[PDB]
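Colleague: Protein chains in written order, with the entry's author numbering: chain D, 1 to 518; chain G, 228 to 348. Each residue gets a CB set at the ideal place from its N, CA and C atoms; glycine is no exception. Below you will find the structure I want to go over with you.
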Amino acid sequence: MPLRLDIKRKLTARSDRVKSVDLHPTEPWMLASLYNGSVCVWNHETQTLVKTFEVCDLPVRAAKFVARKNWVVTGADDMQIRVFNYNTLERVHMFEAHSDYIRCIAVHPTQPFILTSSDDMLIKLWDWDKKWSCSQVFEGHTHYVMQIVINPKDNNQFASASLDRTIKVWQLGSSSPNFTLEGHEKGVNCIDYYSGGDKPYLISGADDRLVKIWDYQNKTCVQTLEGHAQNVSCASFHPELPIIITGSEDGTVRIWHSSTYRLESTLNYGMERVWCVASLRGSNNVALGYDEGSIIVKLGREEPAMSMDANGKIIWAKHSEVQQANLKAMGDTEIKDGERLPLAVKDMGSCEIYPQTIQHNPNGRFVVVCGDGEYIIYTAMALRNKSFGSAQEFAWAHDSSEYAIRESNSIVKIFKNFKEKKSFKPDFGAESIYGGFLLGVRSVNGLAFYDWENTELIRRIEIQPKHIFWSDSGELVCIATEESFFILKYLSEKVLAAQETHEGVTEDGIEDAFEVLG
Amino acid sequence: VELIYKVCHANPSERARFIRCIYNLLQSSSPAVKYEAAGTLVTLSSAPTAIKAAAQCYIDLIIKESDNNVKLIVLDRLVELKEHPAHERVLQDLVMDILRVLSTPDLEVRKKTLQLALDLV
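Take a look at the structure:
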């Protein structure tokens, strides 16, 4: 089922089997805990490795940051959790967290607690402020406690997953698990919550190849996710996007839409055996631990799709008083420029496709919802189906009753009145499109401008753009470029002689028809 | 042999000389908005509140150059972050409110911040 994604490899690092991957609670750093006996952290934005800590000489399964103390907790096959200062580089504390190696650690920023889960079938609580005294010991799990997560609706609650085919929800107060969920059938590798103030969910992953979704409120199993085609090592929920990201020991990661569980993507890397997953709680970074290293990956959807016409129908999709599937929104409010204005939505009629991009017409007569290689046109404020068309991309031009589309045949297309224009068809190839009157099409390390008159190459500007937008006179253009910005002059008369003559080269243009104004 | 006619040409070395050369070609009312000076400068007070407090000072200075009466001391440039349009969205004053403090951030930053509210406005 369609979803705004864009998987990007933010940083990779090669090392012996990383059991845990973490994002720093408040920092842009991601910590991965390796089987090098070392845990290493790298800030995968500037691509700087901030620090490493040698916890043990035998594997460190878990590592997490207790950001407030400016300390990191690690649990290694020393059967200890050792604490270090990540800016004063020394070991803050050393303590025996368990009688066995520590698979996962969870940190409660609001309490002094870390509870750690270990394969001594017990999860123990340590309080950093007491100098890592044992606050509470939880006895409930009768098997290897693979992972621990804290519920974000009550931090006093956590769930622990154990290979005993349950995930047990426990409270701090109570050694014993205050209720048990039987979340899986072939042991539970992982537990995660689907984050938020109104989301009572659990996930279980198991070596029966499957990840299962559970609702902790209702206690039923919402659905079963195919997971992988081999034992699901870990599974987690993405917060923002409706998906579940799972990893398997087959070296494959799969992304599943959390609305029908149909395969959004399968990712392999040449690192293989993907042991863990974790997700950033502020959303759009997930990190996955593999045998041969760790990766931090960045998921797509960073920005919203919307457009403001002149009718006061400012239309978005998703959001409040609007559904994603259907289309709506209005914004007729003019309250003070210094704050964010209300939603001010008024209801808007039918849709039939998903909005990859959803946009009102710039002067208010059309609405366009674009999605899945198709555009559907709905009427400005009535929303009856006006028109239809093809569009992997749709952009309104300046004309906005002429628009540019990428129909993805290797020629950038113009559709006029939502009907295809074949008097427009670049003598460039295409790789991408910029709208406005002279359509910019990017191909062969060039930006070429084409005529909506006879589709000849007017000029080529040798710095490719981000965008072309053309003024509403179509003589002046504003080019968004990595250069920074251009304003160019299209001299109309010069173009008419040049285009007719076709003195403008197929892939290089005529450097006179356009001139660079500034 | 230092001073280039260029922007750069590459590499940390050229880059380090370059901020020296830039300060020459615009000395006028401090650097104002710190150049490539910013990178070393944080480490210069790694102990830990003092960096923010300092940073807050520069940010306040930078906003505007006011009258400069008794505790109205903001230098740097007169317009470069203005103050106070009525069409500016979501306004300059939001950052100005931080500087009004009870302790709203921590004490070192607090002492700097109270002076800094006084200083801009």
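(1) Have a look at D/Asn43 and D/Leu49 and give me their C-alpha separation to the nearest angstrom.
(2) Use the C-beta contact count for D/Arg406: other C-beta atoms within 10 angstroms, 16 or more gives buried, fewer gives exposed.
(3) Report yes or no: is there a C-beta of chain D within less than 8 angstroms of the C-beta of G/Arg247?
(4) Rounding to the nearest angstrom, what Cα-Cα distance links D/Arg165 and D/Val41 in this structure?
(5) Considering only their Cβ atoms, is the gap separating D/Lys425 from D/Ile411 smaller than 8 angstroms?
(6) If we count the other Cβ atoms within 10 Å of its Cβ and call it buried at 16 or more, is G/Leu230 buried or exposed?
(7) Less than 8 angstroms between the beta carbons of D/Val188 and D/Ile213, yes or no?
(8) Since I believe D/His257 is in contact with D/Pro239 (beta carbons under 8 angstroms), could you give me their beta-carbon distance rounded to a whole number of angstroms?
(9) Rounded to whole angstroms, what's the CA-CA distance from D/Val18 to G/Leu334? Just pull it up for me.
(10) Buried or exposed: which applies to D/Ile335, given that a residue is buried once 16 or more other Cβ atoms fall within 10 Å of its Cβ?
(11) Is it a yes or a no for the region 253 to 262 of chain G touching the region 486 to 497 of chain D, going by three-plus beta-carbon pairs under 8 angstroms?
(12) Which of helix, strand or coil does DSSP assign to D/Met308?
(13) Tell me, which residues are paired with D/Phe388 by DSSP?
(14) Would D/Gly331 pass as an interface residue toward chain G - the criterion being a Cβ-Cβ separation below 8 angstroms?
(15) Which residues of chain G have a Cβ atom closer than 9 angstroms to the Cβ of D/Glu339, listed in chain order?
(16) Just how far apart, CA to CA, sit D/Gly518 and D/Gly282?
(17) Between D/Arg459 and D/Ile510, is the Cβ-Cβ spacing less than 8 angstroms?
(18) Quick check on D/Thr357: buried or exposed, where buried means 16 or more other Cβ atoms within 10 Å of its Cβ?
(19) Per the DSSP calculation, D/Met94 is bridged to which residue(s)?
(20) For the region 252 to 285 of chain D, list the alpha helix (DSSP H) runs that are entirely contained and at least 4 residues long, ordered along the chain.
(21) I want to know whether the region 243 to 251 of chain D touches the region 214 to 234 of chain D - three or more CB-CB distances under 8 angstroms.
(22) Just verifying my parser: in three-state terms, what is the DSSP assignment at G/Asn251?
(23) The alpha helix (DSSP H) spanning G/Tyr285 covers which residue range?
(24) Does the distance from the C-beta atom of D/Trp126 to that of D/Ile81 stay below 8 angstroms?
(25) Assuming the contact rule is C-beta atoms closer than 8 angstroms, D/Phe449 and D/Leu438 should be a hit. Round their C-beta distance to whole Å, please.
(26) Taking 6 angstroms as the limit between beta carbons, can you name the residues of its chain near D/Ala513, skipping five residues before and five after?
(27) Can you find at least 3 beta carbon pairs, one from the region 50 to 65 of chain D and one from the region 331 to 347 of chain D, that sit closer than 8 angstroms?
(28) By Cβ distance below 7 angstroms, which residues in the same chain neighbour D/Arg273 in space, the five residues on each side in sequence not counted?
(29) Using a Cβ-Cβ cut-off of 7 angstroms (strictly less than) and excluding sequence neighbours within five positions of D/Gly436, which residues of its own chain qualify?
(30) Nearest-angstrom Cα distance between G/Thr331 and G/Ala282?
(31) With three or more beta-carbon pairs closer than 8 angstroms as the criterion, would you say the region 345 to 360 of chain D touches the region 313 to 330 of chain D?
(32) State the beta-bridge partners of D/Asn43 as determined by DSSP.
(33) Can the beta-carbon of D/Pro112 be found less than 8 angstroms from the beta-carbon of D/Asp100?
(34) Is the beta carbon of D/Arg61 closer than 8 angstroms to that of D/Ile295?
(35) Can you tell me which of D/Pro465, D/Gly37, D/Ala395 puts its alpha carbon nearest to the alpha carbon of D/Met79?
Modeller: Judging by the given coordinates:
(1) Going by C-alpha positions, D/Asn43 is about 6 angstroms away from D/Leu49.
(2) The residue in question, D/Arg406, is buried, as its Cβ has 16 or more Cβ neighbours within 10 Å.
(3) So no, G/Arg247 is outside the interface.
(4) D/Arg165 and D/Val41: Cα-Cα distance of roughly 32 angstroms.
(5) Contact annotation: D/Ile411 and D/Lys425 have beta-carbon atoms nearer than 8 angstroms.
(6) G/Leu230 should be labelled exposed.
(7) Their beta carbons are not under 8 angstroms apart, which means D/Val188 does not touch D/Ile213 by this criterion.
(8) Incorrect: roughly 15 angstroms between the Cβ atoms, too far for contact.
(9) Distance between the alpha carbons of D/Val18 and G/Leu334: 41 angstroms.
(10) Looking at its Cβ environment, which holds fewer than 16 other Cβ atoms inside 10 Å, D/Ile335 is exposed.
(11) No: the two stretches stay apart, fewer than three of their Cβ pairs being nearer than 8 angstroms.
(12) Here D/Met308 sits in strand by DSSP.
(13) Partner residues in the beta bridge of D/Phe388, as assigned by DSSP, are D/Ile376.
(14) Answer no: the Cβ-Cβ gap between D/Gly331 and chain G never drops below 8 angstroms.
(15) Simply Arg316, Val317, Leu318.
(16) Between D/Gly518 and D/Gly282, the C-alpha separation is close to 41 angstroms.
(17) A contact, by the Cβ cut-off of 8 angstroms.
(18) It is buried - the Cβ of D/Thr357 has at least 16 other Cβ atoms within 10 Å.
(19) DSSP, once it has assigned bridges, lists D/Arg82 as partnering D/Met94.
(20) Whole alpha helix (DSSP H) segments, 4+ residues: zero.
(21) Yes: at least three Cβ pairs fall under 8 angstroms.
(22) Residue state, collapsed to three classes: helix.
(23) Segment 276 to 290, the alpha helix (DSSP H) holding G/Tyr285.
(24) Taking 8 angstroms as the Cβ cut-off, D/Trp126 and D/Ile81 qualify as a contacting pair.
(25) Indeed, because the Cβ distance is near 4 angstroms, the residues count as touching under 8 angstroms.
(26) Non-local C-beta neighbours of D/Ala513 in its own chain, meaning closer than 6 angstroms and more than five positions away in sequence, comprise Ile458, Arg459, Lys494, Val495, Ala498, ordered along the chain.
(27) Note that the region 50 to 65 of chain D does not touch the region 331 to 347 of chain D; fewer than 3 beta-carbon pairs, one per stretch, sit closer than 8 angstroms.
(28) A distance below 7 angstroms between beta-carbons, with the five flanking residues on each side excluded, links D/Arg273 to the following residues of its chain, in chain order: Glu249, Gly251, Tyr290, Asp291.
(29) Non-local C-beta neighbours of D/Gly436 in its own chain, meaning closer than 7 angstroms and more than five positions away in sequence, comprise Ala397, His398, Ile468, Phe469, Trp470, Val477, ordered along the chain.
(30) Between the C-alpha atoms of G/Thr331 and G/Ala282 there is a straight-line separation of about 16 angstroms.
(31) The answer is yes - the region 313 to 330 of chain D touches the region 345 to 360 of chain D, with three or more Cβ pairs under 8 angstroms.
(32) DSSP, once it has assigned bridges, lists D/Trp29, D/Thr48 as partnering D/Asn43.
(33) No, they are not a contact pair.
(34) For D/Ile295 and D/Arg61, no; Cβs fall outside 8 angstroms.
(35) Restricting attention to D/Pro465, D/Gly37, D/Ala395, the CA atom closest to the CA of D/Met79 is found in D/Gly37.
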